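Below is the file entry_0.pdb, which contains PDB, C-alpha atoms and all ligand atoms.
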```pdb
MODEL        1
ATOM      1  CA  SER K   5    -111.892-129.403 108.652
ATOM      2  CA  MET K   6    -113.804-132.405 107.320
ATOM      3  CA  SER K   7    -112.341-135.867 106.757
ATOM      4  CA  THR K   8    -109.359-136.388 104.472
ATOM      5  CA  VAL K   9    -111.249-138.869 102.285
ATOM      6  CA  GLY K  10    -114.131-136.414 101.940
ATOM      7  CA  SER K  11    -111.943-133.454 101.006
ATOM      8  CA  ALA K  12    -109.797-135.538  98.643
ATOM      9  CA  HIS K  13    -112.853-136.607  96.616
ATOM     10  CA  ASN K  14    -114.930-133.424  97.080
ATOM     11  CA  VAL K  15    -117.742-135.474  98.596
ATOM     12  CA  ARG K  16    -121.070-133.642  98.641
ATOM     13  CA  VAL K  17    -124.271-134.721 100.395
ATOM     14  CA  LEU K  18    -127.655-133.288  99.402
ATOM     15  CA  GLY K  19    -131.256-134.008 100.341
ATOM     16  CA  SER K  20    -132.450-136.428 102.995
ATOM     17  CA  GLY K  21    -134.282-139.721 103.254
ATOM     18  CA  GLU K  22    -133.982-143.305 104.379
ATOM     19  CA  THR K  23    -132.259-144.434 101.165
ATOM     20  CA  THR K  24    -129.005-142.883  99.942
ATOM     21  CA  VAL K  25    -128.413-142.525  96.199
ATOM     22  CA  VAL K  26    -124.700-142.360  95.353
ATOM     23  CA  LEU K  27    -123.739-140.787  92.019
ATOM     24  CA  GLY K  28    -120.474-141.676  90.291
ATOM     25  CA  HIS K  29    -119.073-140.107  87.129
ATOM     26  CA  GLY K  30    -116.961-141.372  84.249
ATOM     27  CA  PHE K  31    -113.665-140.487  82.621
ATOM     28  CA  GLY K  32    -113.231-136.837  81.688
ATOM     29  CA  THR K  33    -116.013-135.453  83.910
ATOM     30  CA  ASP K  34    -116.682-134.856  87.596
ATOM     31  CA  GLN K  35    -119.731-134.871  89.871
ATOM     32  CA  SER K  36    -121.023-131.713  88.154
ATOM     33  CA  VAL K  37    -122.144-134.024  85.328
ATOM     34  CA  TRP K  38    -125.119-134.930  87.553
ATOM     35  CA  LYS K  39    -126.361-131.362  88.117
ATOM     36  CA  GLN K  40    -129.427-132.015  85.952
ATOM     37  CA  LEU K  41    -130.390-135.301  87.636
ATOM     38  CA  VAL K  42    -129.892-134.375  91.318
ATOM     39  CA  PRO K  43    -132.983-132.086  91.583
ATOM     40  CA  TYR K  44    -135.091-135.111  90.583
ATOM     41  CA  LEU K  45    -133.855-137.003  93.674
ATOM     42  CA  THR K  46    -133.159-134.691  96.631
ATOM     43  CA  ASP K  47    -136.769-134.489  97.858
ATOM     44  CA  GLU K  48    -137.049-138.225  98.596
ATOM     45  CA  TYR K  49    -133.435-139.529  98.767
ATOM     46  CA  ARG K  50    -130.230-138.480 100.412
ATOM     47  CA  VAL K  51    -127.829-137.982  97.502
ATOM     48  CA  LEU K  52    -124.061-138.381  97.853
ATOM     49  CA  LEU K  53    -121.752-137.239  95.055
ATOM     50  CA  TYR K  54    -118.001-137.713  94.743
ATOM     51  CA  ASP K  55    -115.179-137.324  92.241
ATOM     52  CA  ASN K  56    -112.899-140.133  91.138
ATOM     53  CA  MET K  57    -109.266-139.567  92.011
ATOM     54  CA  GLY K  58    -107.633-138.158  88.891
ATOM     55  CA  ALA K  59    -110.486-135.819  87.972
ATOM     56  CA  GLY K  60    -109.454-132.240  87.269
ATOM     57  CA  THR K  61    -111.185-131.188  90.498
ATOM     58  CA  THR K  62    -108.919-133.406  92.639
ATOM     59  CA  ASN K  63    -105.390-132.883  93.932
ATOM     60  CA  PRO K  64    -102.805-134.087  91.367
ATOM     61  CA  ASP K  65    -100.485-135.148  94.210
ATOM     62  CA  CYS K  66    -103.012-137.682  95.556
ATOM     63  CA  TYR K  67    -103.054-139.647  92.271
ATOM     64  CA  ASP K  68    -100.768-142.588  93.035
ATOM     65  CA  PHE K  69     -99.789-143.876  89.590
ATOM     66  CA  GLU K  70     -99.095-147.324  91.047
ATOM     67  CA  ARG K  71    -102.376-147.502  92.959
ATOM     68  CA  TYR K  72    -104.666-146.439  90.095
ATOM     69  CA  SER K  73    -102.995-148.640  87.471
ATOM     70  CA  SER K  74    -105.962-150.980  88.049
ATOM     71  CA  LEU K  75    -109.607-150.495  88.987
ATOM     72  CA  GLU K  76    -108.899-151.765  92.518
ATOM     73  CA  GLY K  77    -107.563-148.370  93.586
ATOM     74  CA  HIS K  78    -110.803-146.687  92.537
ATOM     75  CA  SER K  79    -112.860-149.500  94.080
ATOM     76  CA  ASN K  80    -111.094-149.089  97.429
ATOM     77  CA  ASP K  81    -111.503-145.307  97.272
ATOM     78  CA  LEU K  82    -115.251-145.819  96.848
ATOM     79  CA  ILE K  83    -115.458-148.241  99.786
ATOM     80  CA  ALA K  84    -113.496-145.822 101.971
ATOM     81  CA  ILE K  85    -115.801-142.976 100.910
ATOM     82  CA  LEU K  86    -118.993-144.850 101.808
ATOM     83  CA  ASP K  87    -117.355-145.987 105.061
ATOM     84  CA  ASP K  88    -116.075-142.527 106.014
ATOM     85  CA  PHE K  89    -119.561-141.171 105.261
ATOM     86  CA  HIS K  90    -121.386-144.138 106.856
ATOM     87  CA  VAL K  91    -123.459-145.221 103.839
ATOM     88  CA  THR K  92    -125.126-148.635 103.705
ATOM     89  CA  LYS K  93    -127.364-150.308 101.107
ATOM     90  CA  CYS K  94    -127.132-147.319  98.798
ATOM     91  CA  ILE K  95    -128.699-147.103  95.363
ATOM     92  CA  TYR K  96    -125.551-146.647  93.294
ATOM     93  CA  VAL K  97    -125.892-144.858  89.949
ATOM     94  CA  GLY K  98    -122.620-144.473  88.082
ATOM     95  CA  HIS K  99    -121.427-143.640  84.596
ATOM     96  CA  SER K 100    -119.024-146.117  83.004
ATOM     97  CA  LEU K 101    -115.849-146.540  85.078
ATOM     98  CA  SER K 102    -117.463-145.687  88.419
ATOM     99  CA  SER K 103    -120.336-148.168  88.060
ATOM    100  CA  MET K 104    -117.833-150.957  87.389
ATOM    101  CA  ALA K 105    -115.880-149.941  90.501
ATOM    102  CA  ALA K 106    -119.076-150.100  92.560
ATOM    103  CA  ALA K 107    -120.077-153.439  91.028
ATOM    104  CA  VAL K 108    -116.729-155.041  91.892
ATOM    105  CA  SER K 109    -116.807-153.439  95.351
ATOM    106  CA  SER K 110    -120.131-155.175  96.026
ATOM    107  CA  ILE K 111    -118.419-158.581  95.790
ATOM    108  CA  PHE K 112    -116.474-158.056  99.027
ATOM    109  CA  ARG K 113    -118.767-155.468 100.666
ATOM    110  CA  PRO K 114    -122.362-156.274  99.647
ATOM    111  CA  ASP K 115    -123.636-154.443 102.743
ATOM    112  CA  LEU K 116    -122.875-151.123 101.020
ATOM    113  CA  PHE K 117    -125.041-151.667  97.920
ATOM    114  CA  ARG K 118    -128.711-152.433  97.372
ATOM    115  CA  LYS K 119    -128.401-152.173  93.584
ATOM    116  CA  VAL K 120    -126.153-150.683  90.905
ATOM    117  CA  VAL K 121    -127.317-148.674  87.885
ATOM    118  CA  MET K 122    -124.568-148.866  85.252
ATOM    119  CA  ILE K 123    -124.591-146.294  82.437
ATOM    120  CA  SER K 124    -122.447-147.054  79.368
ATOM    121  CA  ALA K 125    -120.404-149.618  81.307
ATOM    122  CA  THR K 126    -118.150-152.236  79.717
ATOM    123  CA  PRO K 127    -115.955-154.977  81.229
ATOM    124  CA  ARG K 128    -113.451-154.885  78.335
ATOM    125  CA  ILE K 129    -113.189-152.717  75.208
ATOM    126  CA  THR K 130    -110.791-155.002  73.289
ATOM    127  CA  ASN K 131    -111.918-157.991  71.237
ATOM    128  CA  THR K 132    -110.647-161.499  71.784
ATOM    129  CA  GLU K 133    -111.143-164.706  69.815
ATOM    130  CA  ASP K 134    -114.375-165.236  71.783
ATOM    131  CA  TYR K 135    -115.439-161.755  72.987
ATOM    132  CA  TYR K 136    -116.515-158.602  71.121
ATOM    133  CA  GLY K 137    -115.549-155.502  73.083
ATOM    134  CA  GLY K 138    -115.739-153.217  70.052
ATOM    135  CA  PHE K 139    -112.055-152.706  69.193
ATOM    136  CA  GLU K 140    -109.473-155.082  67.815
ATOM    137  CA  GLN K 141    -106.293-155.094  69.901
ATOM    138  CA  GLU K 142    -104.231-153.671  67.045
ATOM    139  CA  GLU K 143    -106.647-150.736  67.080
ATOM    140  CA  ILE K 144    -106.339-150.072  70.801
ATOM    141  CA  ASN K 145    -102.537-150.254  70.743
ATOM    142  CA  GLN K 146    -102.471-147.859  67.787
ATOM    143  CA  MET K 147    -104.789-145.713  69.892
ATOM    144  CA  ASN K 148    -102.572-145.980  72.989
ATOM    145  CA  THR K 149     -99.607-145.123  70.764
ATOM    146  CA  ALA K 150    -101.330-142.021  69.375
ATOM    147  CA  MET K 151    -102.331-140.828  72.861
ATOM    148  CA  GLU K 152     -98.700-140.903  73.970
ATOM    149  CA  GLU K 153     -97.675-139.109  70.758
ATOM    150  CA  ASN K 154    -100.103-136.152  70.937
ATOM    151  CA  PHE K 155    -102.419-136.667  73.908
ATOM    152  CA  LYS K 156    -104.163-133.290  73.782
ATOM    153  CA  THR K 157    -104.730-133.779  70.049
ATOM    154  CA  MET K 158    -106.316-137.198  70.604
ATOM    155  CA  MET K 159    -108.540-135.824  73.378
ATOM    156  CA  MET K 160    -109.684-132.984  71.112
ATOM    157  CA  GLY K 161    -111.057-135.585  68.710
ATOM    158  CA  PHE K 162    -112.012-138.032  71.459
ATOM    159  CA  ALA K 163    -114.434-135.687  73.227
ATOM    160  CA  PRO K 164    -116.851-134.766  70.380
ATOM    161  CA  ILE K 165    -116.661-138.240  68.815
ATOM    162  CA  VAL K 166    -117.430-140.003  72.104
ATOM    163  CA  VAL K 167    -120.209-137.596  73.116
ATOM    164  CA  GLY K 168    -121.635-137.395  69.593
ATOM    165  CA  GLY K 169    -123.185-134.445  67.792
ATOM    166  CA  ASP K 170    -122.229-130.936  66.772
ATOM    167  CA  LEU K 171    -118.889-129.501  67.879
ATOM    168  CA  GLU K 172    -120.963-126.492  68.985
ATOM    169  CA  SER K 173    -123.314-128.388  71.328
ATOM    170  CA  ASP K 174    -123.520-127.688  75.057
ATOM    171  CA  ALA K 175    -122.644-131.267  76.020
ATOM    172  CA  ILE K 176    -119.480-131.287  73.898
ATOM    173  CA  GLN K 177    -118.408-127.913  75.303
ATOM    174  CA  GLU K 178    -119.031-129.032  78.892
ATOM    175  CA  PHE K 179    -117.338-132.425  78.503
ATOM    176  CA  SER K 180    -114.334-130.737  76.878
ATOM    177  CA  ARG K 181    -114.021-128.242  79.743
ATOM    178  CA  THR K 182    -113.586-130.891  82.439
ATOM    179  CA  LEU K 183    -111.618-133.238  80.165
ATOM    180  CA  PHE K 184    -109.006-130.568  79.424
ATOM    181  CA  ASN K 185    -108.735-129.568  83.097
ATOM    182  CA  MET K 186    -107.142-132.958  83.806
ATOM    183  CA  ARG K 187    -103.387-133.203  84.071
ATOM    184  CA  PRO K 188    -102.120-134.908  80.881
ATOM    185  CA  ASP K 189    -100.011-137.554  82.635
ATOM    186  CA  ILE K 190    -102.867-138.451  84.995
ATOM    187  CA  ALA K 191    -105.426-138.629  82.177
ATOM    188  CA  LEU K 192    -103.040-140.737  80.098
ATOM    189  CA  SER K 193    -102.602-143.044  83.101
ATOM    190  CA  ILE K 194    -106.379-143.470  83.386
ATOM    191  CA  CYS K 195    -106.804-144.190  79.671
ATOM    192  CA  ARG K 196    -104.057-146.806  79.904
ATOM    193  CA  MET K 197    -105.899-148.489  82.777
ATOM    194  CA  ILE K 198    -109.252-148.464  80.966
ATOM    195  CA  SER K 199    -107.528-149.669  77.803
ATOM    196  CA  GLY K 200    -106.178-152.815  79.488
ATOM    197  CA  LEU K 201    -109.106-153.415  81.857
ATOM    198  CA  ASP K 202    -110.773-156.857  81.777
ATOM    199  CA  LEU K 203    -113.565-157.287  84.334
ATOM    200  CA  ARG K 204    -115.087-160.369  82.661
ATOM    201  CA  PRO K 205    -113.877-162.802  85.398
ATOM    202  CA  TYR K 206    -115.629-160.700  88.066
ATOM    203  CA  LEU K 207    -119.124-160.617  86.548
ATOM    204  CA  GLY K 208    -120.136-164.047  87.858
ATOM    205  CA  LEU K 209    -119.249-162.988  91.414
ATOM    206  CA  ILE K 210    -121.410-159.831  91.306
ATOM    207  CA  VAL K 211    -124.827-160.654  92.780
ATOM    208  CA  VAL K 212    -126.328-157.264  93.672
ATOM    209  CA  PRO K 213    -129.082-156.327  91.182
ATOM    210  CA  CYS K 214    -127.651-154.370  88.252
ATOM    211  CA  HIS K 215    -129.531-152.089  85.849
ATOM    212  CA  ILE K 216    -127.649-152.004  82.541
ATOM    213  CA  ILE K 217    -128.334-148.696  80.777
ATOM    214  CA  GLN K 218    -126.645-147.440  77.617
ATOM    215  CA  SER K 219    -127.236-145.663  74.333
ATOM    216  CA  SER K 220    -128.235-147.817  71.376
ATOM    217  CA  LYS K 221    -125.282-146.326  69.436
ATOM    218  CA  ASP K 222    -122.219-145.945  71.688
ATOM    219  CA  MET K 223    -118.882-145.741  69.875
ATOM    220  CA  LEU K 224    -117.086-147.245  72.896
ATOM    221  CA  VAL K 225    -119.754-149.734  74.048
ATOM    222  CA  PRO K 226    -121.455-152.001  71.482
ATOM    223  CA  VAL K 227    -124.944-153.180  72.400
ATOM    224  CA  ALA K 228    -123.412-156.672  72.488
ATOM    225  CA  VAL K 229    -121.532-155.597  75.629
ATOM    226  CA  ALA K 230    -124.748-154.749  77.481
ATOM    227  CA  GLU K 231    -126.040-158.192  76.507
ATOM    228  CA  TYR K 232    -122.768-159.755  77.681
ATOM    229  CA  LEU K 233    -123.072-157.992  81.049
ATOM    230  CA  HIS K 234    -126.691-159.126  81.432
ATOM    231  CA  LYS K 235    -125.754-162.726  80.624
ATOM    232  CA  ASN K 236    -122.687-163.051  82.856
ATOM    233  CA  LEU K 237    -123.701-161.093  85.959
ATOM    234  CA  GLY K 238    -124.258-163.434  88.890
ATOM    235  CA  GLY K 239    -127.495-161.885  90.131
ATOM    236  CA  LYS K 240    -130.588-160.160  88.777
ATOM    237  CA  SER K 241    -130.157-157.633  85.991
ATOM    238  CA  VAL K 242    -132.085-155.709  83.346
ATOM    239  CA  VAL K 243    -131.052-154.008  80.103
ATOM    240  CA  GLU K 244    -132.631-150.862  78.687
ATOM    241  CA  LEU K 245    -131.209-149.075  75.657
ATOM    242  CA  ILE K 246    -131.706-145.327  75.264
ATOM    243  CA  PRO K 247    -132.619-144.512  71.628
ATOM    244  CA  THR K 248    -129.787-142.030  71.114
ATOM    245  CA  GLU K 249    -126.156-141.596  70.087
ATOM    246  CA  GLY K 250    -123.359-141.001  72.582
ATOM    247  CA  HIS K 251    -121.269-142.456  75.392
ATOM    248  CA  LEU K 252    -122.567-139.908  77.950
ATOM    249  CA  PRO K 253    -126.356-139.973  77.428
ATOM    250  CA  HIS K 254    -126.933-138.452  80.877
ATOM    251  CA  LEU K 255    -125.050-135.378  79.582
ATOM    252  CA  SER K 256    -125.987-135.339  75.882
ATOM    253  CA  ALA K 257    -129.615-136.573  76.012
ATOM    254  CA  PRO K 258    -131.086-135.696  79.425
ATOM    255  CA  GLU K 259    -134.659-135.549  78.105
ATOM    256  CA  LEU K 260    -134.478-139.295  77.412
ATOM    257  CA  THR K 261    -131.921-140.399  80.002
ATOM    258  CA  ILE K 262    -133.181-138.676  83.170
ATOM    259  CA  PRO K 263    -136.640-140.334  82.901
ATOM    260  CA  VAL K 264    -134.933-143.714  82.415
ATOM    261  CA  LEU K 265    -132.639-143.313  85.428
ATOM    262  CA  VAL K 266    -135.431-142.177  87.765
ATOM    263  CA  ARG K 267    -137.566-145.170  86.794
ATOM    264  CA  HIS K 268    -134.650-147.555  87.397
ATOM    265  CA  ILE K 269    -133.698-145.883  90.684
ATOM    266  CA  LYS K 270    -137.286-146.172  91.914
ATOM    267  CA  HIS K 271    -138.365-149.584  90.612
ATOM    268  CA  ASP K 272    -136.799-152.954  91.393
ATOM    269  CA  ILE K 273    -136.047-156.049  89.354
ATOM    270  CA  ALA K 274    -138.538-158.691  90.472
TER     271      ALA K 274
HETATM  272 MG    MG O   1    -116.719-149.350  82.528
ENDMDL
END
```
Turn this file's structure into structure tokens for me.
Ligand SMILES: [Mg+2]
Amino acid sequence: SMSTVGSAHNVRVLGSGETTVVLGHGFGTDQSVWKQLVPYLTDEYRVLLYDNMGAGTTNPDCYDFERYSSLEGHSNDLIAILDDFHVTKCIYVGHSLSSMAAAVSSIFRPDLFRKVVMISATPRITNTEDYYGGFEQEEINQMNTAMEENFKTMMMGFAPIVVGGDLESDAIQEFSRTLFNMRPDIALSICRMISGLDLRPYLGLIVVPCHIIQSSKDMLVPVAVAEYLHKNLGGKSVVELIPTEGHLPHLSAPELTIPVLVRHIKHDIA
């Protein structure tokens, strides 16, 4: 059979070309979240897709609770994936968590990345005296408390609120399907990690060009966070807001988001 890293992350390679586009997904989804975007890319790029460890499509026994208590475990998985599949200078396009993992990875291994397109990314969701992440700490702890109380109940509100729109919409139904296929203890572990994550000290060390993409109204990512990322990244960057509501605009608003991503994949920051 194929490599252990490839089978553990369900790595899939489509198309062909000189440049490889790598697609990463966020919490509660898997690589199937990119099914609408991939046809726009396979004729000119090689496209690699992979699942984060912990996704409902991955083996629950491979989720080392110690290893994935910080982003480093996901960052080292990504490096191993691109190594095992011999990718260099890829165009990385990732939603939320995965784009941050790629950005940090580029600090130590800049050979693997030509640029990073971050969608709805944030270095820290909790406010401090000098930083606005969107949530006071005594809101996040109350959140973390409620997720340990009734996790499935919190996720049943989480999914439509975070995606935005009608309970009946296709995006909310699809996001719920993959979110509820996760194992509760694994998902809770991931939310704990995101909840305490603070990537602010890393931003100055990231020097690969970053394209900061997010919805103008994201319940988890204030527009101030995109501006904070732009300001504190160590290399070139650009910010473009998608005029829409939702944390997963690639899933909920493809008609706006897919044209934005293709233009940022193709064109470079001068
Ligand atoms: Mg993030």
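Counting all atoms listed in the file, the residue from K:115, K:47, K:231, K:174 that sits nearest to residue K:83 is K:115.
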Item to check | Test item: residues at most 7 Å from residue K:247, all atoms listed in the file, excluding those fewer than 2 positions along its chain, as a ChimeraX atom specification | outcome: /K:219-220,245
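Comparing K:126, K:134, K:242, K:199 by their smallest distance to residue K:229, the closest is K:126 (using all atoms listed in the file).
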Between stretch 75-137 of chain K and stretch 13-20 of chain K, at 12 Å or less, what are the per-residue closest atom pairs and their distances in Å? Count all atoms listed in the file, order by chain and rising residue number, and return it as a tab-separated table.
```
residue	atom	partner	partner_atom	distance
K:78	CA	K:13	CA	11.1
K:81	CA	K:13	CA	8.8
K:82	CA	K:13	CA	9.5
K:84	CA	K:13	CA	10.7
K:85	CA	K:15	CA	8.1
K:86	CA	K:15	CA	10.0
K:88	CA	K:15	CA	10.4
K:89	CA	K:15	CA	9.0
K:90	CA	K:17	CA	11.8
K:91	CA	K:17	CA	11.1
```
Box centre and edge lengths (Å, one decimal), axis-aligned, stretch 34-44 of chain K plus 5 Å each side, as AutoDock Vina command-line options:
```
--center_x -125.9 --center_y -133.3 --center_z 88.5 --size_x 28.4 --size_y 13.9 --size_z 16.3
```
Checklist entry - In Å to one decimal, how far is atom CA of residue K:59 from atom CA of residue K:25? => result 20.8 Å
Next on the checklist: Which residues are near ligand MG 1 (chain O) in this structure, taking near to mean any atom at most 8 Å from a ligand atom and counting all atoms listed in the file? Format them as an MDAnalysis selection string.
Outcome noted: chainID K and resid 99:104 124:128 198
Next on the checklist: Which residue is closest to residue K:266? Choose from K:224, K:42, K:158, K:207 and count only C-alpha atoms.
Outcome noted: K:42
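From atom CA of residue K:130 back to atom CA of residue K:197, the distance works out to 12.5 Å.
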Checklist entry - Exactly which residues make up the result of the PyMOL selection byres (((chain K and resi 136-149) around 12) and not hetatm) on this file, given as number ranges by chain? => result K: 125-135, 150-155, 157-159, 161-162, 192-204, 221-233
Spatial neighbours of residue K:240, max dist 9 Å, all atoms listed in the file, sep filter under 3 positions, as a CSV table (one decimal) with C-alpha atoms, in the coordinates of the input:
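Result written to out21.csv:
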```csv
chain,number,residue,atom,x,y,z
K,211,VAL,CA,-124.8,-160.7,92.8
K,212,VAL,CA,-126.3,-157.3,93.7
K,213,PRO,CA,-129.1,-156.3,91.2
K,214,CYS,CA,-127.7,-154.4,88.3
K,215,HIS,CA,-129.5,-152.1,85.8
K,234,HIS,CA,-126.7,-159.1,81.4
K,237,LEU,CA,-123.7,-161.1,86.0
K,273,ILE,CA,-136.0,-156.0,89.4
K,274,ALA,CA,-138.5,-158.7,90.5
```
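Between atom CA of residue K:243 and atom CA of residue K:216 the separation is 4.6 Å.
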Item to check | Distance criterion (only C-alpha atoms): nearest to residue K:167 out of K:121, K:107, K:190, K:252 | outcome: K:252
Next on the checklist: Once the PyMOL selection byres (((chain K and resi 66) around 12) and not hetatm) has been evaluated on this model, what residues remain selected, and can you format them as a list in words?
Outcome noted: residues 8, 9, 11, 12, 13, 56, 57, 58, 59, 60, 61, 62, 63, 64, 65, 67, 68, 69, 70, 71, 72, 77, 81 and 190 of chain K
Restore N, CA, C and O atoms in stretch 10-22 of chain K and list the result as an mmCIF file, in the coordinates of the input.
```cif
data_model
loop_
_atom_site.group_PDB
_atom_site.id
_atom_site.type_symbol
_atom_site.label_atom_id
_atom_site.label_comp_id
_atom_site.auth_asym_id
_atom_site.auth_seq_id
_atom_site.Cartn_x
_atom_site.Cartn_y
_atom_site.Cartn_z
ATOM 1 N N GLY K 10 -113.094 -137.280 102.477
ATOM 2 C CA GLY K 10 -114.131 -136.414 101.940
ATOM 3 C C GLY K 10 -113.565 -135.245 101.154
ATOM 4 O O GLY K 10 -114.047 -134.921 100.065
ATOM 5 N N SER K 11 -112.529 -134.598 101.694
ATOM 6 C CA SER K 11 -111.943 -133.454 101.006
ATOM 7 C C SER K 11 -111.159 -133.881 99.771
ATOM 8 O O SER K 11 -111.082 -133.123 98.797
ATOM 9 N N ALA K 12 -110.575 -135.082 99.790
ATOM 10 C CA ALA K 12 -109.797 -135.538 98.643
ATOM 11 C C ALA K 12 -110.685 -135.851 97.447
ATOM 12 O O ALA K 12 -110.242 -135.723 96.300
ATOM 13 N N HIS K 13 -111.929 -136.259 97.687
ATOM 14 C CA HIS K 13 -112.853 -136.607 96.616
ATOM 15 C C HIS K 13 -114.009 -135.627 96.498
ATOM 16 O O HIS K 13 -114.972 -135.908 95.775
ATOM 17 N N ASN K 14 -113.934 -134.488 97.191
ATOM 18 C CA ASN K 14 -114.930 -133.424 97.080
ATOM 19 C C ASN K 14 -116.338 -133.963 97.314
ATOM 20 O O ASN K 14 -117.287 -133.615 96.609
ATOM 21 N N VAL K 15 -116.463 -134.840 98.314
ATOM 22 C CA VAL K 15 -117.742 -135.474 98.596
ATOM 23 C C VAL K 15 -118.774 -134.418 98.959
ATOM 24 O O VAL K 15 -118.494 -133.470 99.705
ATOM 25 N N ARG K 16 -119.977 -134.573 98.414
ATOM 26 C CA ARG K 16 -121.070 -133.642 98.641
ATOM 27 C C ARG K 16 -122.328 -134.441 98.932
ATOM 28 O O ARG K 16 -122.623 -135.420 98.240
ATOM 29 N N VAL K 17 -123.062 -134.030 99.962
ATOM 30 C CA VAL K 17 -124.271 -134.721 100.395
ATOM 31 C C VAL K 17 -125.432 -133.741 100.318
ATOM 32 O O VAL K 17 -125.384 -132.663 100.924
ATOM 33 N N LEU K 18 -126.473 -134.117 99.579
ATOM 34 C CA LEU K 18 -127.655 -133.288 99.402
ATOM 35 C C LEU K 18 -128.898 -134.095 99.753
ATOM 36 O O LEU K 18 -128.879 -135.329 99.767
ATOM 37 N N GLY K 19 -129.985 -133.380 100.040
ATOM 38 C CA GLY K 19 -131.256 -134.008 100.341
ATOM 39 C C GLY K 19 -131.244 -134.793 101.645
ATOM 40 O O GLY K 19 -130.319 -134.720 102.456
ATOM 41 N N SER K 20 -132.318 -135.558 101.835
ATOM 42 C CA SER K 20 -132.450 -136.428 102.995
ATOM 43 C C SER K 20 -133.473 -137.510 102.684
ATOM 44 O O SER K 20 -134.305 -137.366 101.784
ATOM 45 N N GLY K 21 -133.402 -138.588 103.449
ATOM 46 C CA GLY K 21 -134.282 -139.721 103.254
ATOM 47 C C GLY K 21 -133.692 -140.956 103.896
ATOM 48 O O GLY K 21 -132.588 -140.938 104.440
ATOM 49 N N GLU K 22 -134.462 -142.043 103.823
ATOM 50 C CA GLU K 22 -133.982 -143.305 104.379
ATOM 51 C C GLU K 22 -132.965 -143.967 103.457
ATOM 52 O O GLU K 22 -132.009 -144.592 103.930
#
```
